[PDB]
């Protein structure tokens, strides 16, 4: 919904996200999946430089992604690491929603 929330929801300072901890908090409330981007914030913010009206943008470069995928046990996850482009909703020069991996 805004850049601060996007950072909290989708940017990780570690590749090896502790999914069973973080996904259990209110922000994620044991949902089935969440994609995290392993980067400091500025190169992620830069994806949306110049984009004012809300628009979905596919990254030009690939990034390190860490995905928390639920297992057969509720709120327990398998972490999957991959390198891919991703699509975000850019608004007023910052990411404000994560859309998907690989494609808009």
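Numbering follows the first chain given and starts at 1.
- In this entry, the higher average B-factor at the C-alpha atoms falls on 19-27, of the pair 89-97 and 19-27.
- Highest CA B-factor among 37, 75, 52, 47, as stated in the entry: 75.
- For residue 59, the recorded CA B-factor ranks within the lowest third of the chain. Only modelled residues enter the ranking.
- Per-chain ranking of the deposited C-alpha B factor places residue 79 in the middle third.
- Annotation for residue 70: CA B-factor lies in the highest third of the chain's modelled residues.
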